[PDB]
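Novice: Structure file query.csv (CSV, C-alpha atoms) is given on the next line.
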```csv
chain,number,residue,atom,x,y,z
A,1,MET,CA,-7.6,16.4,-8.0
A,2,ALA,CA,-4.2,15.6,-6.2
A,3,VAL,CA,-4.5,12.6,-3.8
A,4,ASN,CA,-4.9,13.4,-0.1
A,5,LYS,CA,-1.5,13.2,1.7
A,6,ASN,CA,-2.5,11.7,5.0
A,7,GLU,CA,-4.0,8.3,3.9
A,8,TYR,CA,-2.5,8.0,0.4
A,9,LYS,CA,0.9,8.5,2.2
A,10,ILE,CA,1.3,4.7,2.1
A,11,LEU,CA,0.7,4.6,-1.6
A,12,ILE,CA,3.3,7.4,-2.0
A,13,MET,CA,6.1,5.5,-0.1
A,14,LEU,CA,6.0,2.6,-2.7
A,15,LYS,CA,5.7,5.1,-5.6
A,16,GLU,CA,9.3,6.3,-5.1
A,17,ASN,CA,10.3,3.2,-3.1
A,18,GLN,CA,9.7,0.9,-6.1
A,19,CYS,CA,7.5,-1.6,-4.2
A,20,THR,CA,5.0,-1.6,-7.1
A,21,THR,CA,4.3,-5.2,-8.5
A,22,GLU,CA,2.1,-8.2,-7.9
A,23,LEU,CA,4.9,-10.6,-7.3
A,24,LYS,CA,6.2,-8.7,-4.3
A,25,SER,CA,3.9,-8.2,-1.3
A,26,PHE,CA,4.7,-5.6,1.4
A,27,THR,CA,4.5,-6.3,5.1
A,28,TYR,CA,2.9,-3.9,7.7
A,29,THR,CA,6.1,-3.7,9.9
A,30,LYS,CA,8.4,-2.7,7.0
A,31,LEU,CA,5.8,-0.1,6.0
A,32,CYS,CA,5.5,1.1,9.7
A,33,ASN,CA,9.1,2.4,9.5
A,34,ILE,CA,9.2,4.1,6.1
A,35,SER,CA,5.7,5.5,6.2
A,36,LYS,CA,6.3,7.5,9.5
A,37,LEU,CA,3.0,6.2,11.0
A,38,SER,CA,2.4,3.4,13.5
A,39,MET,CA,1.3,-0.2,12.8
A,40,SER,CA,-2.4,0.4,13.6
A,41,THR,CA,-2.7,3.3,11.0
A,42,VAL,CA,-1.1,1.3,8.2
A,43,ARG,CA,-3.4,-1.7,8.9
A,44,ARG,CA,-6.4,0.7,8.7
A,45,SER,CA,-5.3,2.4,5.5
A,46,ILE,CA,-4.7,-1.0,3.8
A,47,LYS,CA,-8.2,-2.1,4.9
A,48,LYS,CA,-9.6,1.0,3.0
A,49,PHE,CA,-7.3,0.4,0.0
A,50,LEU,CA,-8.8,-3.1,-0.7
A,51,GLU,CA,-12.1,-1.1,-1.5
A,52,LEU,CA,-10.0,1.1,-3.8
A,53,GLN,CA,-8.5,-2.0,-5.5
A,54,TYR,CA,-5.0,-0.5,-5.1
A,55,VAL,CA,-3.8,-3.3,-2.8
A,56,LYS,CA,-4.4,-7.1,-2.7
A,57,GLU,CA,-3.8,-9.9,-0.2
A,58,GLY,CA,-1.6,-13.0,0.2
A,59,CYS,CA,-2.3,-16.2,2.2
A,60,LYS,CA,-1.0,-17.4,5.6
A,61,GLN,CA,0.8,-20.8,5.7
A,62,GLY,CA,2.5,-20.5,9.1
A,63,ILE,CA,3.9,-17.0,8.4
A,64,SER,CA,1.4,-14.1,8.5
A,65,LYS,CA,-0.3,-12.4,5.5
A,66,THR,CA,1.1,-9.7,3.2
A,67,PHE,CA,-0.3,-7.2,0.6
A,68,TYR,CA,0.9,-6.4,-3.0
A,69,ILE,CA,0.0,-3.3,-5.1
A,70,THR,CA,-2.0,-3.7,-8.3
A,71,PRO,CA,-1.3,-2.1,-11.8
A,72,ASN,CA,-4.6,-0.1,-11.2
A,73,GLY,CA,-2.8,1.8,-8.4
A,74,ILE,CA,0.4,2.5,-10.5
A,75,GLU,CA,-1.9,4.3,-13.1
A,76,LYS,CA,-2.9,6.8,-10.4
A,77,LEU,CA,0.9,7.2,-9.7
A,78,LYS,CA,1.5,8.0,-13.4
A,79,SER,CA,-1.0,10.9,-13.1
A,80,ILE,CA,1.3,12.5,-10.4
A,81,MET,CA,4.6,11.3,-11.8
```
Please go through the file and, once you have read it, give me the structure as structure tokens.
Specialist:
Amino acid sequence: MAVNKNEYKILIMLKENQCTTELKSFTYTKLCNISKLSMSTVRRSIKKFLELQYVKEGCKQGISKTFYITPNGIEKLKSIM
């Protein structure tokens, strides 16, 4: 019942990195350093995590999009605190 390490790795970085709130949206290139996995793999895992409801999107107004983590994802993190 523990979450798989390879894809959930993204959702582990912010668990201990405190990037866990709707107001703040994380960028792919900041995640690409801390997550130890390249910019394609983090774009693909975030595309899956929309279907899990863990992650949610922001708009582009000149600057590119960004994605915040929902309270529904933090509840999974409390299970493995």
Novice: Can you work out the spacing between atom CA of residue A:22 and atom CA of residue A:35 in Å, to one decimal?
Specialist: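 For atom CA of residue A:22 relative to atom CA of residue A:35, the distance reads 20.0 Å.
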Novice: Can you list, as a VMD selection string, every protein, DNA or RNA residue that comes within 10 Å of residue A:49 when you count only C-alpha atoms, leaving out same-chain residues fewer than 6 positions away?
Specialist: chain A and resid 7 to 8 10 to 11 43 55 to 56 69 73
Novice: In Å, with one decimal, what is the gap from atom CA of residue A:68 to atom CA of residue A:28?
Specialist: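 Atom-to-atom, atom CA of residue A:68 and atom CA of residue A:28 are spaced 11.2 Å apart.
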Novice: Just checking: using all atoms listed in the file, which residue out of A:34, A:12, A:1, A:19 ends up closest to residue A:81?
Specialist: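 Among the listed residues, A:12 lies closest to residue A:81.
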Novice: Using Å and a single decimal, report how far atom CA of residue A:2 sits from atom CA of residue A:58.
Specialist: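 Computing the Euclidean distance for atom CA of residue A:58 and atom CA of residue A:2 yields 29.4 Å.
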Novice: Smallest atom-to-atom distance to residue A:50: which of A:3, A:36, A:72, A:30, using all atoms listed in the file?
Specialist: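 Selected residue with least distance to residue A:50: A:72.
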Novice: With all atoms listed in the file as the basis for distance, which of A:20, A:53, A:61, A:6 is at the shortest distance from residue A:37?
Specialist: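 When distances to residue A:37 are compared using all atoms listed in the file, the smallest one comes from A:6.
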Novice: Give the answer as one residue: which of A:79, A:18, A:27, A:41 has the shortest atom-to-atom distance to residue A:65, using only C-alpha atoms?
Specialist: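 Ranking A:79, A:18, A:27, A:41 by distance to residue A:65, first place goes to A:27.
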